[PDB]
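Data first, discussion second: the structure below is written as structure tokens.
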Amino acid sequence: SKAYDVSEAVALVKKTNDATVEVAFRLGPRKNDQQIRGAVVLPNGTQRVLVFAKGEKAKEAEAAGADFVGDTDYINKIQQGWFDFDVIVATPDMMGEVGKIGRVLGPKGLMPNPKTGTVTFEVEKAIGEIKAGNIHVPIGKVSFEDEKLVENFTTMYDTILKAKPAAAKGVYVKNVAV
Amino acid sequence: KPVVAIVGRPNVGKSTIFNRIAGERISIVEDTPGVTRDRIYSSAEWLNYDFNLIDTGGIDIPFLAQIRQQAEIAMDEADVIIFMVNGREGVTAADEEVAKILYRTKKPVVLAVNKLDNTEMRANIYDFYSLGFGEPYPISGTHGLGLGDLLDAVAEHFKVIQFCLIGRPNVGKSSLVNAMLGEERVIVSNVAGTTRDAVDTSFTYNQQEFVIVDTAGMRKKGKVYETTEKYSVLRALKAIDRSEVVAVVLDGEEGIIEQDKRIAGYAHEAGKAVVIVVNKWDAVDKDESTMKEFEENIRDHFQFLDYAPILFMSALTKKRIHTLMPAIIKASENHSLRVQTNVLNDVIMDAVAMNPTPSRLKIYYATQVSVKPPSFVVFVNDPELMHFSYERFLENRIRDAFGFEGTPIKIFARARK
RNA sequence: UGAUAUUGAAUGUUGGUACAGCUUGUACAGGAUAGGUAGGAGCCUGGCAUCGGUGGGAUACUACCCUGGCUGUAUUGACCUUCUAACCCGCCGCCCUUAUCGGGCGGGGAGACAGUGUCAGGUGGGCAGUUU
RNA sequence: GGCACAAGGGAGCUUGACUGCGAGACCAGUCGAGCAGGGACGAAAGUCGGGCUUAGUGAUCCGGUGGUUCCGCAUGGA
Ligand SMILES: Nc1nc2c(ncn2[C@@H]2O[C@H](COP(=O)(O)OP(=O)(O)NP(=O)(O)O)[C@@H](O)[C@H]2O)c(=O)[nH]1
Ligand SMILES: Nc1nc2c(ncn2[C@@H]2O[C@H](COP(=O)(O)OP(=O)(O)NP(=O)(O)O)[C@@H](O)[C@H]2O)c(=O)[nH]1
């Protein structure tokens, strides 16, 4: 019945366990025009990112930490197989091709789309930062200390609010479930 | 024949694409409510010389349930359901709600993306793979881009008289038509203005085919200062030009309103057969000499049209509904009839002999020119001597010599030549 | 005909709105045809439990908002049936006063109605401005 | 009236049946070489904006048909 505080719930989701502390947030479609879906680099923070870099952009992609780049087309290797691993990003030139030729990213949630900051010319800066109207966000672990998830939820809430959606009218906040 | 239907949330330019498929049928406006209330029918072809098109209204969560029912019904007959969605705004929750029905529909579905009017931002065809359907396509009604590929995508799955109906709003026209073809085809609502444009359907009656069109009613010109929603009245006026039999509908509960006489003027001035019809007898009393109360009153007020037969039927209780067509078929012949040149002339000087009061106007000849309506030309020494009182006199004699019931007549006058 | 103000109380019916607390959402498959939407750190209190599973969704339990319902809380509305205190009397008595004007003080009758001020259709050659 | 080298009648190529102006004529418009890019072609020459001439509803007011520094509100956003 009682709404706890942020400084109490970080110390208490220690006790709700090495598990991962995640946050649900009910948003306030009618408002799809100014919907609230997104990604931001995190403060208090293993992935396997595979890139679709084209041209010279593969040359800076092999030194940042990526596992496999490609031979400029391995969607034929994606056809009839392809246990995908963690994250798929791309570049704004072969995205159209990979989109049409690739026919295995819709119900699997890895389709490159430049609304998320994942399809850009800065592939070296993109590898290094990734490593019904609702958003899910993993802010961290059980084993993090009490001062880590406070900045994590603060950064994510400031990101949500920084993004005060248009048609701001009416309540924006409905529920925080830590 | 193949059937193709278009569905989606409103304001996605579905009717715009439907129209540039062929001609310009559905009204195109920009607003959330201004969608086609019901389903329409048409024909199409791309190297197959055989296809049909169906357009419906937008689907969301006023009246929307009936539109949803119509959209569901259209999803049945359609072979491929072109599912068009906006491109500039990405995707929406209502888009997923629409996609739910298609997911539960076991028919091939082609996905199309509108609002792609130029080459560069045409490359925005992405993230629609999450919908679970095949390759999307670009289209723009403003410029007609990407039409060939979309029609090829539709093709890869490839396997009579007209009579109208008009009147002032809320007199049961839609109820009358859907209670006559004996099914649900057009919407019925308590508020005036339920229909938004012409609805066309074909059907066979007594081994004879027929075409019936609704016109959403007509209100006064002075007080029609709406927000371009009265642009549909132009569509209603168009149907009269393509129709050849006009049914005017009056309410029996309410008395004769002044606007009804004005509406009947448009049909008469168009040279079309008219059959005056009254509906909703369930309201007012049905008794002896209540037949003549409105039967006589109509004649007193509607003098300019006297040839029109008068029919009484109530669509709600389905009383004497089957008697409407017997009137229609009879009116069909009289609007297209010719009389012999010999006989017609022999009747003319009999009339002028008993009325030798035409210097004096001279009658020399008379004959017919057109079948519909029956035009006649009389050769006189001078058409200036012709008087509108005398011109009307000739019409009555002709209308009495033969039947010529339920159709207007026009008389032309030519000089001595 | 409709709103809105003039414009009140009582009980009876009585919805809507808002805030709450409990319930429903029928997926081939799937643990009873017992929801999407963030999932994966428990029994032995009669029973039997615990991975995981053709599954797009099983939870060896962490962990939000919806949709239709049920119970409270407040808001108001819609009404009926009453009453009375505005508002209305071309009803009676008394005084202004000698007065079928008018105004006061008493009874009676109607009473939240009618009547009044700002917003829709028809009506109807009601009366105007007009030309062909 | 007229087109015999045909102004029928067809298409392989199905658009040099398109792209920038245009000296010069006839009559408000119409005709027309030259003619600049690129060439539909044809193998090359070379042709080159199609029904013979042929009436085919429209100003008034002026409202759609293709978009772009095409621009100034104290400046900036719309
Ligand atoms: N810029 C742009 N606007 C378009 C295009 N196609 C349609 N629209 C706009 O979209 C508006 C709505 O389209 P319309 O065909 O009337 O859709 P509708 O009547 O709501 N029918 P429905 O609800 O079934 O989609 C049009 O008035 C037009 O302005 C397009 O290609 N480009
Ligand atoms: N008493 C009575 N009511 C009727 C009859 N037919 C229809 N109605 C009712 O009166 C209204 C007329 O509906 P509708 O057919 O849409 O009339 P309309 O608006 O003139 N036609 P449209 O919808 O095409 O504009 C509806 O509320 C309907 O239920 C009838 O024969 N008798």
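Listed values, structure above:
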{"read-out": "Rg followed by Dmax, in Å, when segment B:4-159 is reduced to its Cα trace", "value": "14.4, 42"}
{"read-out": "Qualifying chymotrypsin sites (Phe, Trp or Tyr not before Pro) in segment B:236-310, DSSP loop, other Cβ atoms within 10 Å at most 12", "value": "B:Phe304"}
{"read-out": "For chain B, alpha-carbon Rg and Dmax in angstrom", "value": "26.6, 89"}
{"read-out": "Per-pair calculated FRET efficiency, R0 = 30 Å: B:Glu254 and B:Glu184 via Cβ, rounded to 0.05", "value": "0.70"}
{"read-out": "Vicinal HN-Hα couplings computed from phi for segment A:79-93 (Karplus, 6.51 cos²θ - 1.76 cosθ + 1.60; Hz; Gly/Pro x)", "value": "5, 6, x, 6, 5, 5, 10, 10, 8, 10, 10, 8, 10, x, 9"}
{"read-out": "5 angstrom amide H check on A:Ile139, placed H, neighbours 5+ away", "value": "A:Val23"}
{"read-out": "Volume per residue that the Cα convex hull of segment B:171-242 spans, once the total is divided by residue count, Å³", "value": "97"}
{"read-out": "Stokes-Einstein translational diffusion, segment A:81-178 - Kirkwood Rh over all Cα pairs, 0.890 mPa s, 25 °C, in µm²/s", "value": "146"}
{"read-out": "Rounded, prolate or oblate (a/c below 1.5 giving rounded, otherwise prolate when a/b exceeds b/c) for segment B:161-336 by Cα gyration tensor", "value": "rounded"}
{"read-out": "Cleavage-rule hits (GluC sites (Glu not before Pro)) in segment B:168-220: DSSP loop, at most 12 neighbouring Cβ within 10 angstrom", "value": "B:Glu183"}
{"read-out": "Ratio Rg/Rh, restricted to the protein assembly as shown and using Cα atoms, in which Rh is the Kirkwood radius", "value": "1.16"}
{"read-out": "Sparsely packed trypsin sites (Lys or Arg not before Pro) within segment A:146-178, loop by DSSP, other Cβ within 10 Å at most 10", "value": "A:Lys169"}
{"read-out": "Spatial extent of segment B:359-417: Rg and Dmax, with the Cα atoms as the point set, Å", "value": "11.8, 36"}
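Each reported figure results from applying straightforward, stated rules to the coordinates on display, with no laboratory input. Please note: Cβ atoms are built from the backbone with ideal geometry, for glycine as well, and neighbour counts cover all protein chains shown.
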